[PDB]
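Enquirer: For reference, this is start-v8.cif, and it has mmCIF, N, CA and C atoms.
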data_coords
loop_
_atom_site.group_PDB
_atom_site.id
_atom_site.type_symbol
_atom_site.label_atom_id
_atom_site.label_comp_id
_atom_site.auth_asym_id
_atom_site.auth_seq_id
_atom_site.Cartn_x
_atom_site.Cartn_y
_atom_site.Cartn_z
ATOM 1 N N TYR A 1 24.544 5.277 -15.580
ATOM 2 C CA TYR A 1 24.140 6.288 -14.614
ATOM 3 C C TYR A 1 25.262 6.518 -13.610
ATOM 4 N N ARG A 2 25.627 7.783 -13.417
ATOM 5 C CA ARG A 2 26.642 8.179 -12.450
ATOM 6 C C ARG A 2 26.075 9.284 -11.571
ATOM 7 N N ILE A 3 26.363 9.207 -10.274
ATOM 8 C CA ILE A 3 25.844 10.150 -9.289
ATOM 9 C C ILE A 3 27.023 10.838 -8.614
ATOM 10 N N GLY A 4 26.986 12.162 -8.576
ATOM 11 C CA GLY A 4 28.033 12.932 -7.929
ATOM 12 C C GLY A 4 27.496 14.255 -7.439
ATOM 13 N N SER A 5 28.078 14.742 -6.344
ATOM 14 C CA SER A 5 27.659 16.000 -5.741
ATOM 15 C C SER A 5 28.386 17.212 -6.308
ATOM 16 N N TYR A 6 29.385 17.008 -7.160
ATOM 17 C CA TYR A 6 30.133 18.118 -7.734
ATOM 18 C C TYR A 6 29.481 18.559 -9.039
ATOM 19 N N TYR A 7 29.266 19.864 -9.177
ATOM 20 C CA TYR A 7 28.659 20.434 -10.380
ATOM 21 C C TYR A 7 29.694 20.674 -11.474
ATOM 22 N N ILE A 8 30.412 19.616 -11.845
ATOM 23 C CA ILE A 8 31.453 19.679 -12.864
ATOM 24 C C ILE A 8 31.123 18.654 -13.939
ATOM 25 N N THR A 9 31.211 19.072 -15.200
ATOM 26 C CA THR A 9 30.915 18.178 -16.310
ATOM 27 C C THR A 9 31.930 17.042 -16.369
ATOM 28 N N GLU A 10 31.480 15.895 -16.883
ATOM 29 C CA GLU A 10 32.356 14.732 -16.981
ATOM 30 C C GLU A 10 33.528 14.983 -17.919
ATOM 31 N N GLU A 11 33.343 15.833 -18.930
ATOM 32 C CA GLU A 11 34.411 16.147 -19.869
ATOM 33 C C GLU A 11 35.290 17.304 -19.415
ATOM 34 N N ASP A 12 34.958 17.951 -18.300
ATOM 35 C CA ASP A 12 35.741 19.080 -17.823
ATOM 36 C C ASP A 12 37.099 18.616 -17.305
ATOM 37 N N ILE A 13 38.037 19.563 -17.221
ATOM 38 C CA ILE A 13 39.371 19.252 -16.713
ATOM 39 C C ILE A 13 39.301 18.801 -15.260
ATOM 40 N N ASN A 14 38.526 19.509 -14.440
ATOM 41 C CA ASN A 14 38.311 19.065 -13.068
ATOM 42 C C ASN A 14 37.691 17.676 -12.978
ATOM 43 N N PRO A 15 36.687 17.322 -13.780
ATOM 44 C CA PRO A 15 36.172 15.947 -13.759
ATOM 45 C C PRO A 15 37.125 14.976 -14.436
ATOM 46 N N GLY A 16 36.686 13.729 -14.621
ATOM 47 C CA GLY A 16 37.531 12.720 -15.238
ATOM 48 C C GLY A 16 38.008 13.076 -16.632
ATOM 49 N N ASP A 17 37.312 13.986 -17.315
ATOM 50 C CA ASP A 17 37.722 14.472 -18.629
ATOM 51 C C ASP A 17 37.560 13.423 -19.723
ATOM 52 N N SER A 18 36.513 12.606 -19.635
ATOM 53 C CA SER A 18 36.242 11.603 -20.653
ATOM 54 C C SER A 18 34.748 11.324 -20.690
ATOM 55 N N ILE A 19 34.274 10.905 -21.864
ATOM 56 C CA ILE A 19 32.870 10.564 -22.061
ATOM 57 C C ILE A 19 32.002 11.818 -22.028
ATOM 58 N N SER A 20 30.741 11.676 -22.423
ATOM 59 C CA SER A 20 29.781 12.771 -22.405
ATOM 60 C C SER A 20 28.969 12.694 -21.119
ATOM 61 N N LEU A 21 28.789 13.838 -20.465
ATOM 62 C CA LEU A 21 28.063 13.915 -19.206
ATOM 63 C C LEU A 21 26.649 14.415 -19.469
ATOM 64 N N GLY A 22 25.666 13.650 -19.027
ATOM 65 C CA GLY A 22 24.271 14.016 -19.208
ATOM 66 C C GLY A 22 23.517 13.973 -17.897
ATOM 67 N N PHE A 23 22.578 14.903 -17.746
ATOM 68 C CA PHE A 23 21.786 14.971 -16.525
ATOM 69 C C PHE A 23 20.881 13.750 -16.410
ATOM 70 N N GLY A 24 20.805 13.196 -15.204
ATOM 71 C CA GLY A 24 19.982 12.032 -14.925
ATOM 72 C C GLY A 24 18.904 12.370 -13.910
ATOM 73 N N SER A 25 17.677 11.967 -14.222
ATOM 74 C CA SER A 25 16.528 12.223 -13.369
ATOM 75 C C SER A 25 16.096 10.943 -12.664
ATOM 76 N N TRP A 26 15.789 11.074 -11.374
ATOM 77 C CA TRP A 26 15.333 9.944 -10.572
ATOM 78 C C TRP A 26 16.467 8.970 -10.281
ATOM 79 N N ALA A 27 16.164 7.901 -9.552
ATOM 80 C CA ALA A 27 17.144 6.888 -9.195
ATOM 81 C C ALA A 27 17.024 5.690 -10.130
ATOM 82 N N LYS A 28 18.150 5.010 -10.336
ATOM 83 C CA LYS A 28 18.196 3.855 -11.225
ATOM 84 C C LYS A 28 17.532 2.664 -10.543
ATOM 85 N N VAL A 29 16.651 1.982 -11.269
ATOM 86 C CA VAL A 29 15.934 0.816 -10.766
ATOM 87 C C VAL A 29 16.441 -0.403 -11.523
ATOM 88 N N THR A 30 16.768 -1.463 -10.785
ATOM 89 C CA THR A 30 17.264 -2.688 -11.399
ATOM 90 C C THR A 30 16.188 -3.306 -12.281
ATOM 91 N N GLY A 31 16.592 -3.777 -13.458
ATOM 92 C CA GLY A 31 15.662 -4.372 -14.399
ATOM 93 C C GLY A 31 15.084 -5.688 -13.923
ATOM 94 N N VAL A 32 13.794 -5.686 -13.590
ATOM 95 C CA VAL A 32 13.113 -6.887 -13.119
ATOM 96 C C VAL A 32 11.805 -6.484 -12.452
ATOM 97 N N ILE A 33 11.833 -5.378 -11.709
ATOM 98 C CA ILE A 33 10.652 -4.877 -11.014
ATOM 99 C C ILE A 33 10.533 -3.378 -11.255
ATOM 100 N N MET A 34 9.347 -2.825 -11.007
ATOM 101 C CA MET A 34 9.111 -1.405 -11.238
ATOM 102 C C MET A 34 8.548 -0.733 -9.994
ATOM 103 N N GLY A 35 8.247 -1.519 -8.964
ATOM 104 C CA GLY A 35 7.781 -0.955 -7.713
ATOM 105 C C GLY A 35 6.391 -1.387 -7.293
ATOM 106 N N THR A 36 5.455 -0.439 -7.288
ATOM 107 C CA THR A 36 4.126 -0.663 -6.732
ATOM 108 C C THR A 36 3.335 -1.670 -7.557
ATOM 109 N N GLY A 37 3.091 -2.837 -6.965
ATOM 110 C CA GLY A 37 2.164 -3.794 -7.533
ATOM 111 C C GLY A 37 1.427 -4.581 -6.470
ATOM 112 N N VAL A 38 0.094 -4.523 -6.494
ATOM 113 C CA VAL A 38 -0.749 -5.236 -5.537
ATOM 114 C C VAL A 38 -0.619 -4.654 -4.133
ATOM 115 N N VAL A 39 -1.734 -4.596 -3.404
ATOM 116 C CA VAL A 39 -1.705 -4.195 -2.001
ATOM 117 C C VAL A 39 -1.152 -5.369 -1.205
ATOM 118 N N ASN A 40 -1.891 -6.473 -1.184
ATOM 119 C CA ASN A 40 -1.335 -7.750 -0.773
ATOM 120 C C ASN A 40 -0.449 -8.263 -1.906
ATOM 121 N N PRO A 41 0.753 -8.775 -1.613
ATOM 122 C CA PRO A 41 1.707 -9.055 -2.696
ATOM 123 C C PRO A 41 1.170 -9.988 -3.768
ATOM 124 N N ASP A 42 0.903 -9.424 -4.945
ATOM 125 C CA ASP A 42 0.523 -10.189 -6.124
ATOM 126 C C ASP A 42 1.417 -9.774 -7.284
ATOM 127 N N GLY A 43 1.771 -8.491 -7.324
ATOM 128 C CA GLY A 43 2.647 -7.959 -8.347
ATOM 129 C C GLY A 43 1.922 -7.466 -9.581
ATOM 130 N N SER A 44 2.276 -6.264 -10.037
ATOM 131 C CA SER A 44 1.707 -5.707 -11.258
ATOM 132 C C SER A 44 2.578 -6.067 -12.454
ATOM 133 N N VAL A 45 2.306 -5.459 -13.602
ATOM 134 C CA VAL A 45 3.073 -5.681 -14.821
ATOM 135 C C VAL A 45 4.169 -4.623 -14.869
ATOM 136 N N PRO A 46 5.441 -5.000 -14.798
ATOM 137 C CA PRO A 46 6.514 -4.003 -14.799
ATOM 138 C C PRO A 46 6.843 -3.543 -16.214
ATOM 139 N N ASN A 47 7.789 -2.611 -16.289
ATOM 140 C CA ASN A 47 8.263 -2.062 -17.551
ATOM 141 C C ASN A 47 9.749 -2.357 -17.689
ATOM 142 N N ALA A 48 10.222 -2.418 -18.934
ATOM 143 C CA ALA A 48 11.618 -2.740 -19.196
ATOM 144 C C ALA A 48 12.154 -1.944 -20.378
ATOM 145 N N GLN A 49 13.332 -2.324 -20.872
ATOM 146 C CA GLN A 49 13.958 -1.626 -21.988
ATOM 147 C C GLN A 49 14.750 -0.421 -21.498
ATOM 148 N N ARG A 50 15.742 0.001 -22.279
ATOM 149 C CA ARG A 50 16.578 1.138 -21.913
ATOM 150 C C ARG A 50 16.264 2.311 -22.833
ATOM 151 N N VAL A 51 16.127 3.502 -22.252
ATOM 152 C CA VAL A 51 15.861 4.716 -23.018
ATOM 153 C C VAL A 51 14.379 4.833 -23.351
ATOM 154 N N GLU A 52 13.653 3.717 -23.270
ATOM 155 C CA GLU A 52 12.224 3.708 -23.560
ATOM 156 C C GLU A 52 11.459 4.582 -22.576
ATOM 157 N N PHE A 53 10.632 5.488 -23.093
ATOM 158 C CA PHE A 53 9.841 6.389 -22.259
ATOM 159 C C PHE A 53 8.439 5.809 -22.120
ATOM 160 N N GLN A 54 8.135 5.269 -20.943
ATOM 161 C CA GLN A 54 6.825 4.699 -20.661
ATOM 162 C C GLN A 54 6.499 4.951 -19.192
ATOM 163 N N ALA B 1 8.621 -6.402 1.599
ATOM 164 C CA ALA B 1 7.577 -5.392 1.467
ATOM 165 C C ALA B 1 7.130 -5.248 0.019
ATOM 166 N N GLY B 2 6.174 -4.354 -0.228
ATOM 167 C CA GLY B 2 5.692 -4.118 -1.570
ATOM 168 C C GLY B 2 5.495 -2.636 -1.817
ATOM 169 N N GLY B 3 5.657 -2.253 -3.084
ATOM 170 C CA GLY B 3 5.497 -0.854 -3.446
ATOM 171 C C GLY B 3 4.081 -0.351 -3.240
ATOM 172 N N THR B 4 3.094 -1.208 -3.485
ATOM 173 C CA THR B 4 1.693 -0.870 -3.293
ATOM 174 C C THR B 4 1.228 -1.393 -1.941
ATOM 175 N N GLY B 5 0.535 -0.537 -1.198
ATOM 176 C CA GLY B 5 0.079 -0.868 0.137
ATOM 177 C C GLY B 5 -1.433 -0.936 0.210
ATOM 178 N N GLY B 6 -1.928 -1.886 0.997
ATOM 179 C CA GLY B 6 -3.356 -2.043 1.188
ATOM 180 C C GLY B 6 -3.643 -2.887 2.407
ATOM 181 N N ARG B 7 -4.792 -2.621 3.020
ATOM 182 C CA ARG B 7 -5.232 -3.331 4.211
ATOM 183 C C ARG B 7 -6.622 -3.904 3.975
ATOM 184 N N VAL B 8 -6.672 -5.181 3.602
ATOM 185 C CA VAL B 8 -7.939 -5.863 3.360
ATOM 186 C C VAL B 8 -8.033 -7.094 4.252
ATOM 187 N N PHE B 9 -7.088 -8.022 4.090
ATOM 188 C CA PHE B 9 -7.126 -9.260 4.864
ATOM 189 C C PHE B 9 -6.803 -9.004 6.331
ATOM 190 N N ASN B 10 -5.743 -8.244 6.598
ATOM 191 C CA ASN B 10 -5.327 -7.974 7.974
ATOM 192 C C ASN B 10 -4.480 -6.709 7.966
ATOM 193 N N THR B 11 -4.988 -5.649 8.589
ATOM 194 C CA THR B 11 -4.272 -4.385 8.674
ATOM 195 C C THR B 11 -5.047 -3.457 9.597
ATOM 196 N N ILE B 12 -4.344 -2.472 10.154
ATOM 197 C CA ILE B 12 -4.964 -1.504 11.051
ATOM 198 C C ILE B 12 -5.499 -0.336 10.233
ATOM 199 N N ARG B 13 -6.709 -0.487 9.704
ATOM 200 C CA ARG B 13 -7.343 0.550 8.906
ATOM 201 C C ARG B 13 -8.433 1.241 9.724
ATOM 202 N N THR B 14 -9.193 2.125 9.077
ATOM 203 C CA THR B 14 -10.301 2.807 9.733
ATOM 204 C C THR B 14 -11.582 2.630 8.929
ATOM 205 N N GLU B 15 -12.665 3.270 9.369
ATOM 206 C CA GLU B 15 -13.940 3.178 8.668
ATOM 207 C C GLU B 15 -14.690 1.908 9.053
ATOM 208 N N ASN B 16 -16.008 2.013 9.207
ATOM 209 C CA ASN B 16 -16.842 0.875 9.562
ATOM 210 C C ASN B 16 -18.246 1.112 9.022
ATOM 211 N N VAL B 17 -19.178 0.260 9.438
ATOM 212 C CA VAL B 17 -20.575 0.357 9.022
ATOM 213 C C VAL B 17 -21.307 1.204 10.061
ATOM 214 N N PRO B 18 -21.787 2.396 9.708
ATOM 215 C CA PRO B 18 -22.502 3.217 10.693
ATOM 216 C C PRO B 18 -23.845 2.604 11.060
ATOM 217 N N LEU B 19 -24.244 2.809 12.312
ATOM 218 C CA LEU B 19 -25.531 2.355 12.819
ATOM 219 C C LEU B 19 -26.270 3.536 13.431
ATOM 220 N N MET B 20 -27.529 3.711 13.036
ATOM 221 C CA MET B 20 -28.321 4.842 13.494
ATOM 222 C C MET B 20 -29.778 4.421 13.612
ATOM 223 N N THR B 21 -30.544 5.223 14.349
ATOM 224 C CA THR B 21 -31.958 4.973 14.574
ATOM 225 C C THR B 21 -32.745 6.255 14.338
ATOM 226 N N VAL B 22 -34.034 6.089 14.058
ATOM 227 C CA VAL B 22 -34.930 7.205 13.780
ATOM 228 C C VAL B 22 -35.777 7.481 15.014
ATOM 229 N N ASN B 23 -36.114 8.754 15.208
ATOM 230 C CA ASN B 23 -36.926 9.151 16.348
ATOM 231 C C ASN B 23 -38.331 8.569 16.234
ATOM 232 N N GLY B 24 -38.912 8.242 17.387
ATOM 233 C CA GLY B 24 -40.244 7.670 17.440
ATOM 234 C C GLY B 24 -41.320 8.566 16.864
ATOM 235 N N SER B 25 -42.161 8.008 15.996
ATOM 236 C CA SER B 25 -43.240 8.746 15.355
ATOM 237 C C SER B 25 -44.542 7.979 15.525
ATOM 238 N N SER B 26 -45.628 8.715 15.745
ATOM 239 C CA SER B 26 -46.953 8.140 15.930
ATOM 240 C C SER B 26 -47.841 8.546 14.762
ATOM 241 N N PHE B 27 -48.595 7.587 14.232
ATOM 242 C CA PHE B 27 -49.497 7.834 13.114
ATOM 243 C C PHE B 27 -50.875 8.192 13.660
ATOM 244 N N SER B 28 -51.388 9.351 13.260
ATOM 245 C CA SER B 28 -52.691 9.835 13.695
ATOM 246 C C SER B 28 -53.649 9.828 12.511
ATOM 247 N N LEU B 29 -54.809 9.204 12.697
ATOM 248 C CA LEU B 29 -55.835 9.115 11.669
ATOM 249 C C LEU B 29 -57.162 9.590 12.241
ATOM 250 N N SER B 30 -57.912 10.335 11.436
ATOM 251 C CA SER B 30 -59.201 10.878 11.844
ATOM 252 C C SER B 30 -60.312 9.976 11.321
ATOM 253 N N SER B 31 -61.220 9.584 12.212
ATOM 254 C CA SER B 31 -62.349 8.726 11.855
ATOM 255 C C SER B 31 -63.486 9.622 11.379
ATOM 256 N N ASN B 32 -63.576 9.812 10.065
ATOM 257 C CA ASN B 32 -64.621 10.655 9.501
ATOM 258 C C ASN B 32 -65.979 9.978 9.640
ATOM 259 N N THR B 33 -66.978 10.759 10.053
ATOM 260 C CA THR B 33 -68.329 10.242 10.223
ATOM 261 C C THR B 33 -69.058 10.023 8.905
ATOM 262 N N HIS B 34 -68.567 10.592 7.808
ATOM 263 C CA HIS B 34 -69.192 10.449 6.505
ATOM 264 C C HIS B 34 -68.448 9.405 5.675
ATOM 265 N N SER B 35 -68.951 9.166 4.465
ATOM 266 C CA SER B 35 -68.392 8.212 3.513
ATOM 267 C C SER B 35 -68.604 6.757 3.909
ATOM 268 N N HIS B 36 -69.399 6.492 4.944
ATOM 269 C CA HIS B 36 -69.671 5.129 5.378
ATOM 270 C C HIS B 36 -70.833 4.483 4.637
ATOM 271 N N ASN B 37 -71.582 5.250 3.844
ATOM 272 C CA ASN B 37 -72.713 4.717 3.093
ATOM 273 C C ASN B 37 -73.839 4.255 4.010
ATOM 274 N N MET B 38 -74.930 3.770 3.421
ATOM 275 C CA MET B 38 -76.060 3.273 4.192
ATOM 276 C C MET B 38 -76.900 2.374 3.296
ATOM 277 N N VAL B 39 -77.444 1.313 3.891
ATOM 278 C CA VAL B 39 -78.269 0.355 3.165
ATOM 279 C C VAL B 39 -79.452 -0.031 4.041
ATOM 280 N N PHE B 40 -80.629 -0.111 3.422
ATOM 281 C CA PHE B 40 -81.846 -0.506 4.120
ATOM 282 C C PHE B 40 -82.243 0.513 5.181
ATOM 283 N N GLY B 41 -83.118 0.112 6.099
ATOM 284 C CA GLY B 41 -83.576 0.994 7.153
ATOM 285 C C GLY B 41 -83.508 0.360 8.526
ATOM 286 N N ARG B 42 -84.422 0.752 9.413
ATOM 287 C CA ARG B 42 -84.454 0.187 10.755
ATOM 288 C C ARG B 42 -84.802 -1.294 10.696
ATOM 289 N N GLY B 43 -84.121 -2.079 11.527
ATOM 290 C CA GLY B 43 -84.331 -3.513 11.569
ATOM 291 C C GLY B 43 -85.724 -3.922 12.005
ATOM 292 N N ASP B 44 -86.380 -4.802 11.247
ATOM 293 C CA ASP B 44 -85.811 -5.418 10.048
ATOM 294 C C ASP B 44 -84.731 -6.453 10.360
ATOM 295 N N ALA B 45 -83.768 -6.584 9.450
ATOM 296 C CA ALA B 45 -82.630 -7.473 9.622
ATOM 297 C C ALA B 45 -81.346 -6.664 9.498
ATOM 298 N N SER B 46 -80.438 -6.855 10.453
ATOM 299 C CA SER B 46 -79.176 -6.133 10.478
ATOM 300 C C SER B 46 -78.041 -7.114 10.725
ATOM 301 N N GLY B 47 -76.919 -6.891 10.045
ATOM 302 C CA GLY B 47 -75.745 -7.726 10.210
ATOM 303 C C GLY B 47 -75.189 -7.711 11.620
ATOM 304 N N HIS B 48 -74.881 -8.889 12.154
ATOM 305 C CA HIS B 48 -74.332 -8.983 13.498
ATOM 306 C C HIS B 48 -72.920 -8.406 13.542
ATOM 307 N N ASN B 49 -72.610 -7.734 14.649
ATOM 308 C CA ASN B 49 -71.317 -7.103 14.896
ATOM 309 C C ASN B 49 -71.036 -5.913 13.990
ATOM 310 N N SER B 50 -72.042 -5.406 13.283
ATOM 311 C CA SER B 50 -71.841 -4.258 12.411
ATOM 312 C C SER B 50 -71.627 -2.996 13.238
ATOM 313 N N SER B 51 -70.817 -2.086 12.709
ATOM 314 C CA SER B 51 -70.567 -0.825 13.390
ATOM 315 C C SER B 51 -71.859 -0.013 13.446
ATOM 316 N N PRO B 52 -72.187 0.599 14.583
ATOM 317 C CA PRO B 52 -73.438 1.366 14.670
ATOM 318 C C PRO B 52 -73.364 2.627 13.821
ATOM 319 N N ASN B 53 -74.382 2.822 12.986
ATOM 320 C CA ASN B 53 -74.476 3.987 12.120
ATOM 321 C C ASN B 53 -75.885 4.558 12.193
#
Now, as a test, write the supplied structure out as structure tokens.

Expert:
Amino acid sequence: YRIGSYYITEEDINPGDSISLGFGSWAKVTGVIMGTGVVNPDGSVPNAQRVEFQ
Amino acid sequence: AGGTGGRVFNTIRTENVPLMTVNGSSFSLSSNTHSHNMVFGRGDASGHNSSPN
């Protein structure tokens, strides 16, 4: 995941000009937790894997 | 902190148990002179403390 404010493709001459540039949705979450679990801290069941849509 | 929020054990939440009362009401009953039946005639013998009929 790469974040940039310039609307230039990663393979373009203006960009680094290497690799394939793909649109990324949302922010990257470190593998271990998924966020909302328990009102009082108990923790829910998180999700893992890369590319997996769940 | 936690992603999920809740206030059960200790938190500044709202809502409580409502308390209310009903307006005073009076029960009115009519003492009908009929339907009391009758047994025997003039005493004779009559039950003590019986209602006069």

Enquirer: Figure out the distance between atom CA of residue A:54 and atom CA of residue A:33, please, to one decimal in Å.

Expert: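 A separation of 14.1 Å between them.
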
Enquirer: Do you have, as CSV, the list of residues of chain B lying at most 8 Å from chain A, each with its nearest atom pair and that distance in Å to one decimal, counting all atoms listed in the file and ordered by chain then number?

Expert:
residue,atom,partner,partner_atom,distance
B:1,C,A:41,CA,7.2
B:2,C,A:36,CA,5.5
B:3,C,A:36,CA,3.5
B:4,N,A:36,CA,3.5
B:5,C,A:39,CA,3.9
B:6,N,A:39,CA,3.8
B:7,N,A:39,CA,6.1
B:8,N,A:40,N,6.9
B:9,N,A:40,CA,7.5

Enquirer: Export N, CA and C atoms of the chosen residues as a PDB file, in the coordinates of the input?

Expert:
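Everything below was put into result_16.pdb:
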ATOM      1  N   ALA B   1       8.621  -6.402   1.599  1.00  0.00           N
ATOM      2  CA  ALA B   1       7.577  -5.392   1.467  1.00  0.00           C
ATOM      3  C   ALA B   1       7.130  -5.248   0.019  1.00  0.00           C
ATOM      4  N   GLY B   2       6.174  -4.354  -0.228  1.00  0.00           N
ATOM      5  CA  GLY B   2       5.692  -4.118  -1.570  1.00  0.00           C
ATOM      6  C   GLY B   2       5.495  -2.636  -1.817  1.00  0.00           C
ATOM      7  N   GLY B   3       5.657  -2.253  -3.084  1.00  0.00           N
ATOM      8  CA  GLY B   3       5.497  -0.854  -3.446  1.00  0.00           C
ATOM      9  C   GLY B   3       4.081  -0.351  -3.240  1.00  0.00           C
ATOM     10  N   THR B   4       3.094  -1.208  -3.485  1.00  0.00           N
ATOM     11  CA  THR B   4       1.693  -0.870  -3.293  1.00  0.00           C
ATOM     12  C   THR B   4       1.228  -1.393  -1.941  1.00  0.00           C
ATOM     13  N   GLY B   5       0.535  -0.537  -1.198  1.00  0.00           N
ATOM     14  CA  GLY B   5       0.079  -0.868   0.137  1.00  0.00           C
ATOM     15  C   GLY B   5      -1.433  -0.936   0.210  1.00  0.00           C
ATOM     16  N   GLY B   6      -1.928  -1.886   0.997  1.00  0.00           N
ATOM     17  CA  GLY B   6      -3.356  -2.043   1.188  1.00  0.00           C
ATOM     18  C   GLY B   6      -3.643  -2.887   2.407  1.00  0.00           C
ATOM     19  N   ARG B   7      -4.792  -2.621   3.020  1.00  0.00           N
ATOM     20  CA  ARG B   7      -5.232  -3.331   4.211  1.00  0.00           C
ATOM     21  C   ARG B   7      -6.622  -3.904   3.975  1.00  0.00           C
ATOM     22  N   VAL B   8      -6.672  -5.181   3.602  1.00  0.00           N
ATOM     23  CA  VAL B   8      -7.939  -5.863   3.360  1.00  0.00           C
ATOM     24  C   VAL B   8      -8.033  -7.094   4.252  1.00  0.00           C
ATOM     25  N   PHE B   9      -7.088  -8.022   4.090  1.00  0.00           N
ATOM     26  CA  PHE B   9      -7.126  -9.260   4.864  1.00  0.00           C
ATOM     27  C   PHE B   9      -6.803  -9.004   6.331  1.00  0.00           C
TER      28      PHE B   9
END

Enquirer: Using only C-alpha atoms, which of the listed residues (A:31, A:16, A:4, A:22) sits closest to residue A:47?

Expert: A:31

Enquirer: To one decimal place in Å, what is the distance between atom CA of residue B:39 and atom C of residue B:53?

Expert: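 Calculated distance between atom CA of residue B:39 and atom C of residue B:53 is 10.2 Å.
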
Enquirer: Enter the distance from atom CA of residue A:3 to atom CA of residue A:19, in Å, rounded to one decimal.

Expert: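 Computed distance, atom CA of residue A:3 to atom CA of residue A:19, equals 14.6 Å.
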
Enquirer: Please return the centre and edge lengths, in Å to one decimal, of a box with edges along x, y and z that contains all listed atoms of stretch 8-16 of chain A, widened by 6 Å on every side, as lines of an AutoDock Vina configuration file.

Expert:
center_x = 34.9
center_y = 16.2
center_z = -15.9
size_x = 21.0
size_y = 19.0
size_z = 20.0

Enquirer: From the list A:32, A:13, A:27, A:8, which residue is nearest residue A:48 when using only C-alpha atoms?

Expert: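 Ranking A:32, A:13, A:27, A:8 by distance to residue A:48, first place goes to A:32.
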
Enquirer: My structure is short of atoms at stretch 22-36 of chain B; please model N, CA, C and O atoms there, returning them as an mmCIF file, keeping the file's coordinate frame.

Expert:
data_model
loop_
_atom_site.group_PDB
_atom_site.id
_atom_site.type_symbol
_atom_site.label_atom_id
_atom_site.label_comp_id
_atom_site.auth_asym_id
_atom_site.auth_seq_id
_atom_site.Cartn_x
_atom_site.Cartn_y
_atom_site.Cartn_z
ATOM 1 N N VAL B 22 -34.034 6.089 14.058
ATOM 2 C CA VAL B 22 -34.930 7.205 13.780
ATOM 3 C C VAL B 22 -35.777 7.481 15.014
ATOM 4 O O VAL B 22 -36.116 6.571 15.780
ATOM 5 N N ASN B 23 -36.114 8.754 15.208
ATOM 6 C CA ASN B 23 -36.926 9.151 16.348
ATOM 7 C C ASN B 23 -38.331 8.569 16.234
ATOM 8 O O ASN B 23 -38.875 8.410 15.139
ATOM 9 N N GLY B 24 -38.912 8.242 17.387
ATOM 10 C CA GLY B 24 -40.244 7.670 17.440
ATOM 11 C C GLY B 24 -41.320 8.566 16.864
ATOM 12 O O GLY B 24 -41.396 9.752 17.198
ATOM 13 N N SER B 25 -42.161 8.008 15.996
ATOM 14 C CA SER B 25 -43.240 8.746 15.355
ATOM 15 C C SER B 25 -44.542 7.979 15.525
ATOM 16 O O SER B 25 -44.561 6.747 15.457
ATOM 17 N N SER B 26 -45.628 8.715 15.745
ATOM 18 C CA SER B 26 -46.953 8.140 15.930
ATOM 19 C C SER B 26 -47.841 8.546 14.762
ATOM 20 O O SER B 26 -47.837 9.712 14.351
ATOM 21 N N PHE B 27 -48.595 7.587 14.232
ATOM 22 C CA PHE B 27 -49.497 7.834 13.114
ATOM 23 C C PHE B 27 -50.875 8.192 13.660
ATOM 24 O O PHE B 27 -51.461 7.424 14.430
ATOM 25 N N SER B 28 -51.388 9.351 13.260
ATOM 26 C CA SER B 28 -52.691 9.835 13.695
ATOM 27 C C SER B 28 -53.649 9.828 12.511
ATOM 28 O O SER B 28 -53.338 10.383 11.452
ATOM 29 N N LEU B 29 -54.809 9.204 12.697
ATOM 30 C CA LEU B 29 -55.835 9.115 11.669
ATOM 31 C C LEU B 29 -57.162 9.590 12.241
ATOM 32 O O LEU B 29 -57.500 9.283 13.389
ATOM 33 N N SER B 30 -57.912 10.335 11.436
ATOM 34 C CA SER B 30 -59.201 10.878 11.844
ATOM 35 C C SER B 30 -60.312 9.976 11.321
ATOM 36 O O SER B 30 -60.341 9.644 10.132
ATOM 37 N N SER B 31 -61.220 9.584 12.212
ATOM 38 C CA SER B 31 -62.349 8.726 11.855
ATOM 39 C C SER B 31 -63.486 9.622 11.379
ATOM 40 O O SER B 31 -64.267 10.136 12.183
ATOM 41 N N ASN B 32 -63.576 9.812 10.065
ATOM 42 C CA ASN B 32 -64.621 10.655 9.501
ATOM 43 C C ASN B 32 -65.979 9.978 9.640
ATOM 44 O O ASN B 32 -66.126 8.780 9.382
ATOM 45 N N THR B 33 -66.978 10.759 10.053
ATOM 46 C CA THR B 33 -68.329 10.242 10.223
ATOM 47 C C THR B 33 -69.058 10.023 8.905
ATOM 48 O O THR B 33 -70.079 9.326 8.890
ATOM 49 N N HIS B 34 -68.567 10.592 7.808
ATOM 50 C CA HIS B 34 -69.192 10.449 6.505
ATOM 51 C C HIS B 34 -68.448 9.405 5.675
ATOM 52 O O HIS B 34 -67.446 8.826 6.101
ATOM 53 N N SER B 35 -68.951 9.166 4.465
ATOM 54 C CA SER B 35 -68.392 8.212 3.513
ATOM 55 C C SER B 35 -68.604 6.757 3.909
ATOM 56 O O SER B 35 -68.039 5.861 3.269
ATOM 57 N N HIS B 36 -69.399 6.492 4.944
ATOM 58 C CA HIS B 36 -69.671 5.129 5.378
ATOM 59 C C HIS B 36 -70.833 4.483 4.637
ATOM 60 O O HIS B 36 -71.047 3.275 4.787
#
